[PDB]
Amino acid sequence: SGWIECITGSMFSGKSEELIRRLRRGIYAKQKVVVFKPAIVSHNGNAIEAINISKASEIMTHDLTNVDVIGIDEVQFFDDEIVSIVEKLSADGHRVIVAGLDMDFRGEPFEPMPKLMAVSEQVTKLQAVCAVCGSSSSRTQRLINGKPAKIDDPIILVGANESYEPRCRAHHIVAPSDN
């Protein structure tokens, strides 16, 4: 009765809008729907309940016994703990829809999406349009000073000129570490 759907892809691939589109179908069928998003839409009075959380554990603190469809956006902000949470919810008969990043800016697998992709019934990898060539993009390009971020530049970075854009694998560049 319950299953998991996984939506992934780079930044700017429309993951969040796709998650919302599928939750909206829940509303037209008069189902109860909620979405969880990291802390740090209605039709005929029935509405998507949105819920900000700091930790994946907060999900089970909510009463979900009457909820048909559970969304979870930006899953890369959580741990592999969210994997067992999502399996349990799907075994308790919920439709569960998770969205988040497949890779980080370096092109490295972004926990916990690998495992979610492996255990989910459905997987949809969305692609954006490369800011360079206009072909299908697959990667998130991080720029620091109009230049390709380095493999070892940290994610917390104070006062830096920082931008993100989608790129194809060919146009994606991770600059080498310094020494």
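Numbers for residues come from their place in the sequence shown, where the first is 1.
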query	finding
Unmodelled deposited residues flanked by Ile40 on one side and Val41 on the other	4 to 9
Greater mean Cα temperature factor according to the PDB record, 115-123 or 130-138	130-138
Residue range whose averaged C-alpha B-factor is higher in the record, 22-30 or 45-53	45-53
Residue with highest C-alpha B-factor in the PDB entry, from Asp73, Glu87, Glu108, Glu81	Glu81
Third of chain Cα B-factors occupied by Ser163	middle
